[PDB]
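We name chains A, B, ... by the order of the sequence lines, and we start the count at 1 in each one.
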Amino acid sequence: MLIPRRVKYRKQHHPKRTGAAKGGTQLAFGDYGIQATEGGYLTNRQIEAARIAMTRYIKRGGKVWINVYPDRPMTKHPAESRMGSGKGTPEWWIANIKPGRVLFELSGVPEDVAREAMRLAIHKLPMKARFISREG
Amino acid sequence: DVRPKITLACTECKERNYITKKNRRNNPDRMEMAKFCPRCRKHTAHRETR
Amino acid sequence: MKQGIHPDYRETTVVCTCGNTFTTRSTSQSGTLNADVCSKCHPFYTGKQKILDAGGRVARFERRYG
Amino acid sequence: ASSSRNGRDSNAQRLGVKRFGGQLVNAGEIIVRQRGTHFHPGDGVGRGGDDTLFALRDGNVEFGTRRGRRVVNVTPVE
Amino acid sequence: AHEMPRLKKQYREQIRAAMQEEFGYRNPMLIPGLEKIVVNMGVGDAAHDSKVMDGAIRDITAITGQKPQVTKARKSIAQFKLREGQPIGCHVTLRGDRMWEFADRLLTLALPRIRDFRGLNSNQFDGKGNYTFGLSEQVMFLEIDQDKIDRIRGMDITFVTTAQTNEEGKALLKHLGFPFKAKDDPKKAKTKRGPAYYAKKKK
RNA sequence: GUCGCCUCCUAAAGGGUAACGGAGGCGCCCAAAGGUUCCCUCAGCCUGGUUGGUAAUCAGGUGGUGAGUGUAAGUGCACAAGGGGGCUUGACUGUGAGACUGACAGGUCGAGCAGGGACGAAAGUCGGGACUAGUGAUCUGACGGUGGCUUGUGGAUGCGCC
RNA sequence: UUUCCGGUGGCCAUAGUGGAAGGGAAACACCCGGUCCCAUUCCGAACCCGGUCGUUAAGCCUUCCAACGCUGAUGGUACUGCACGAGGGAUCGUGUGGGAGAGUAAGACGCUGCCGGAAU
RNA sequence: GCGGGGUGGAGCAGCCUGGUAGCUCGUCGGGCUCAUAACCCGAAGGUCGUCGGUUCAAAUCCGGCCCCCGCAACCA
Ligand SMILES: [Mg+2]
Ligand SMILES: [Mg+2]
Ligand SMILES: [Mg+2]
Ligand SMILES: [Mg+2]
Ligand SMILES: [Mg+2]
Ligand SMILES: [Mg+2]
Ligand SMILES: [Mg+2]
Ligand SMILES: [Mg+2]
Ligand SMILES: [Mg+2]
Ligand SMILES: [Mg+2]
Ligand SMILES: [Mg+2]
Ligand SMILES: [Mg+2]
Ligand SMILES: [Mg+2]
Ligand SMILES: [Mg+2]
Ligand SMILES: [Mg+2]
Ligand SMILES: [Mg+2]
Ligand SMILES: [Mg+2]
Ligand SMILES: [Mg+2]
Ligand SMILES: [Mg+2]
Ligand SMILES: [Mg+2]
Ligand SMILES: [Zn+2]
Ligand SMILES: [Zn+2]
């Protein structure tokens, strides 16, 4: 589970989820990758599930890059309580995903099994994503 | 209580012209200043009242 | 120099009790100083020494046996 | 339940430029209220105790640069 | 009195000629020379009393011949137990005639009578033609008394010369005459203690 | 849990803008940490050096703001508003053209002038503090000054003014 | 009149930083002294005073170097006022006006005023 | 939620506030005794639950966290 060591402010406004990907729309480390076609919030649990799926399928070879980091904290109102009495305590850590953002990258693996591993990973994400490559 | 209000009166016409503050611990004794005395119509030595 | 804040720094010869005598305006209120040893009268570099060591471990053996 | 350790804030101070570029002003008229010298006093402009820039003379307000400083000048009226 | 010192005269004639011939400076005012002498002593065990500073002032005044600048603590440190603004050290800057005659006195008299004196390392230059070293004990300066010193103290002696490079600084200070150049002993202990402490792990 | 004041964010590039929204501060302190005049440049890093160590004091090199600012934060400040020395009391009296900001009470800035000063060779600056919190209307009472009024007159007494 | 240089402004990196080469007639400077005014929280280092011998090594000045930094379009894109439209919904699109930041080509080894100097 | 507590082996002091961590018992070494207990003479023993901050300096000040308590968790 990716959790930042510290943050300046633990209670933050909800991240903007408008617009396309600000940056990181192209592969930078690996040969293949996952590119999100829809925006949304990506929690550390989802990131870990996808990473486990990719690594487990590719076994021992190849290396995986997690381009996004769940450094944005999300508070939760205390359960069964009326509205008010200040903001809640951080409960989830998310990354702000926008369309075109490359989430995961993979290298050192043949294309077919890389594609299958990316499929396994994508079936764990909460937003639509696609397999991309450096045109082979 | 530790920075009391002290009143400066002219040493010529004994007139409580000014009021200010000291430290009592940093300045235990009565303070001497040259201020303008409106009655004496010039700069006269002013002393803290006792 | 500021007047009244510095010590007396008048002339001062120096007899090194070893054939060497100079003159420097030191702080010796009396005057000339008396050197137990100069630099040109000292065993350090005038060469008057040469300890190095005594590393002849075998040389000791034939000294007491050869 | 719970409570907030916040909720305090200071009253609005209403800073900012009060007379913009080219606006005719009288002597002593306040040009900008500010904290610190984001604008330095230029020609015909004085700076007060709380860094307020005010007009030293009648004329038109202009914002410019004097050496390396952002300054506010009052050009005397033609 | 008005008399240009022996060491200054020797410097000018012999050393300026020697440097001009064996460094080949293309300009006459490029031959290095002594710029200043700095006598420091950090007496950091003055955070608990003032008498040690008074003794240090007396000692340095007698040794040099002028009143020292007393430096107050730039920042307070608990583990050194010093507050802000306490006097923790004193130093003297010597130039011109005082520089020349103090250097002459030091070299001709004082360090000769160091206990088991073996010379000074040639590898204590700052890397810019200036050479600083340290004396562990003070009364060896026979210009002071012997049976009234409050406690033994040490000091740092720094020769700042107008020398661009370390090799020419070493040449200048040799020609002026400094026990050193030997070989190991100097550079030896040098390398040693160097490596030794030089590590660091405040973390 | 909160209630007044100050700084930031929310606040949507003037100002303003709510919530038991998100962060912190204030109820002081300083006779210098005020005024003026002159001088100075830091932190960090690298190298050398008695005690001495990551770091005391010293030297050289580097280094433009990352240090510093009595105290929160922001806006400022290296031209320093940061560091140091000299002399001082303007932490004045009588004032306030002209503006800022509030429903109002109110809060804030202020040129110029006179008196009498401080500093500076002068130009000049000085009506506390780099700026913005460190505060409480009115009533009633109190002390000091003044002597306007005082119920027949003169006192007294009481009140008024500051 | 011109050229060169010393002062003093303006623009405040297109000017800086770094490297290379060369220059001093006046001038500037380092430099040489400290007797004299004056000065160092020690030091004639600095400040100040007296000289202008020595020296162009440095400051300074001239030429050269896009190397770091700086400057930087056009077009496109983001965003956006107004007017609409589409999705179950996060949200997205279009019309009509405005229009960046980044990046690209490129610019650039400063510009300009006054006074003085030596020569013309 | 409010308030308190966490310090040698144990049970308890040191907390307005910074700088010197104490008493009792127990542990260990020596006496006394035939031996043990008791008693007598000497010694060691906690960098203060943990993370971080304030500050020249933190057991002490501030916050988070863990553990143990107490209280509250109400009206239909
Ligand atoms: Mg990018
Ligand atoms: Mg002011
Ligand atoms: Mg004020
Ligand atoms: Mg606004
Ligand atoms: Mg708006
Ligand atoms: Mg409203
Ligand atoms: Mg200052
Ligand atoms: Mg006052
Ligand atoms: Mg008015
Ligand atoms: Mg206010
Ligand atoms: Mg006046
Ligand atoms: Mg005068
Ligand atoms: Mg202040
Ligand atoms: Mg001030
Ligand atoms: Mg009433
Ligand atoms: Mg009547
Ligand atoms: Mg009045
Ligand atoms: Mg551009
Ligand atoms: Mg552009
Ligand atoms: Mg009931
Ligand atoms: Zn009077
Ligand atoms: Zn001798």
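Between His38(D) and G76(F), a side-chain N or O to OP1/OP2 separation shorter than 4.0 Å is present. For the pair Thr158(E) and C58(F), the criterion of a side-chain N or O lying under 4.0 Å from OP1 or OP2 is not met. Listed pair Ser4(D) / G22(F) meets the phosphate criterion, a side-chain N or O lying under 4.0 Å from OP1 or OP2. Side-chain nitrogen and oxygen atoms of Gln34(D) include none within less than 4.0 Å of the OP1 or OP2 phosphate oxygen of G76(F). For the pair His40(D) and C77(F), the criterion of a side-chain N or O lying under 4.0 Å from OP1 or OP2 is met. When the side-chain nitrogen and oxygen atoms of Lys128(E) are compared with OP1 and OP2 of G61(F), none of them lie within a distance under 4.0 Å. Proximity of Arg10(A) to the phosphate of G52(H): no side-chain N or O atom is located under 4.0 Å from OP1 or OP2.
Set against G49(F), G60(F), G22(F), the side chain of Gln124(E) has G49(F) as its closest nucleotide. Candidate nucleotides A31(F), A57(H), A57(G) were compared by shortest atom distance to the side chain of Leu30(E), and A57(G) ranks first. Taking every side-chain heavy atom of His43(B) into account, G116(F) is the closest of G98(F), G116(F), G145(F). Relative to the side chain of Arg26(E), the nucleotides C29(F), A57(G), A55(F) differ in distance, and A57(G) lies closest. Closest to the side chain of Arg14(D), out of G22(F), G102(F), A59(F), is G102(F). When distances run from any side-chain atom of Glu38(A) to the nucleotides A90(G), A56(F), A57(H), the shortest one goes to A90(G). Residue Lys190(E) places its side chain closer to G49(F) than to any other of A99(F), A55(F), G49(F). Here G48(F) is the nucleotide among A90(G), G48(F), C6(F) with the atom lying nearest to any side-chain atom of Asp126(E).
Annotation: of the two residues near RNA chain F, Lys201(E) and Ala27(D), the 5′-most nearest-nucleotide partner is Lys201(E). With the nearest nucleotide of RNA chain F identified for both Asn27(B) and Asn17(B), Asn27(B) has the one nearer the 5' end.
Between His14(A) and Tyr41(A), the angle of the ring planes stays under 30°, which puts this pair in the parallel group of the 30/60° scheme.
Of the nucleotides present, none pairs with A56(F) by Watson-Crick or G-U wobble criteria with both distances under 3.5 Å. Within the shown strands, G86(F) is the pairing partner of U36(F) under the Watson-Crick or G-U definition, both distances less than 3.5 Å. Across every strand in view, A114(F) sits in a pair with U93(F) that passes the Watson-Crick or G-U test at under 3.5 angstrom.
The base of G24(F) sits with one of its N or O atoms less than 3.5 Å from a complementary donor or acceptor on the side chain of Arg8(D). No donor-acceptor contact under 3.5 Å links the side chain of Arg67(D) to the base of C12(G). The base of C29(F) has none of its N or O atoms less than 3.5 Å from a complementary donor or acceptor on the side chain of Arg3(B).
In this structure, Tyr131(E) does not count as stacked on the base of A59(F) under the 5.5 Å centre distance and 30° plane angle limits.
Side-chain contact check for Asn23(B) and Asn27(B): no donor-acceptor pair (N or O, by modelled atom type) lies under 3.5 Å. When only modelled atom types and interatomic distance are considered, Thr165(E) and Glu167(E) share a side-chain donor-acceptor pair under 3.5 Å. A donor-acceptor pair shorter than 3.5 Å can be found between the side chains of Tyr25(E) and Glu168(E). Using a 3.5 Å distance cut-off with no hydrogens or angles, the side chains of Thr191(E) and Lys188(E) do pair a donor with an acceptor.
A Watson-Crick or G-U wobble pair links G44(G) with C38(G), both defining distances under 3.5 Å. If you check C162(F) against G144(F), you find a Watson-Crick or G-U wobble pair, both contacts below 3.5 Å. Base pair annotation for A99(F) with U108(F): paired, by the Watson-Crick or G-U wobble rule (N1-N3 plus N6-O4 or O6-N4, or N1-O2 plus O6-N3, under 3.5 Å). Taken together, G16(G) and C68(G) qualify as a Watson-Crick or G-U wobble pair under the 3.5 Å criterion applied to both distances. The bases of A43(H) and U27(H) line up as a Watson-Crick or G-U pair, and both contact lengths stay under 3.5 Å. Between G66(F) and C42(F), a Watson-Crick or G-U wobble pair is formed, both defining distances falling under 3.5 Å. Pairing status of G85(G) against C92(G): a Watson-Crick or G-U wobble pair, both distances under 3.5 Å. With both distances required under 3.5 Å, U151(F) does not pair with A105(F) in Watson-Crick or G-U wobble fashion. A23(F) and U7(F) make a Watson-Crick or G-U wobble pair, with both donor-acceptor distances under 3.5 Å. Pairing status of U52(G) against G103(G): not a Watson-Crick or G-U wobble pair with both distances under 3.5 Å.
Residues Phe141(E) and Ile63(E) meet the side-chain proximity criterion, which asks for heavy atoms closer than 4.5 Å. The shortest side-chain heavy-atom distance between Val92(E) and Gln69(E) does not fall under the 4.5 Å cut-off. By the 4.5 Å heavy-atom criterion applied to side chains, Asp59(E) and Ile144(E) are counted as neighbours.
Look at the P atom in both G6(G) and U35(G): the space between them is 35 Å, to the nearest Å.
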Under the side-chain hydrogen bond (donor to acceptor under 3.5 Å, both in side chains) criterion, do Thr132(E) and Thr158(E) qualify, and how do the steps go? CA-CA 4 Å; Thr132(E) 187; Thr158(E) 295; 2.5 Å; yes

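In this structure, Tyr131(E) has its ring center under 6.0 Å from that of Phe125(E). In this structure, the ring of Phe178(E) has its center less than 6.0 angstrom from the ring center of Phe159(E).
Geometric assessment of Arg33(D) against the ring of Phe54(D) yields a negative cation-pi assignment under the 6.0 Å and 45° thresholds.
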In the 5'-to-3' direction, what one-character label does each nucleotide of nucleotides 35-54 of chain G receive under the scheme B = base within less than 4.0 Å of a protein heavy atom, S = sugar-phosphate only, - = no such atom? ----BBBBBSB--------B

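The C1'-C2'-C3'-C4' torsion of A58(H) is negative, so its sugar falls on the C2'-endo, or south, side.
Taking a 4.0 Å limit (strictly below) on heavy-atom distances, residues 44-57 of chain D does not reach RNA chain G anywhere.
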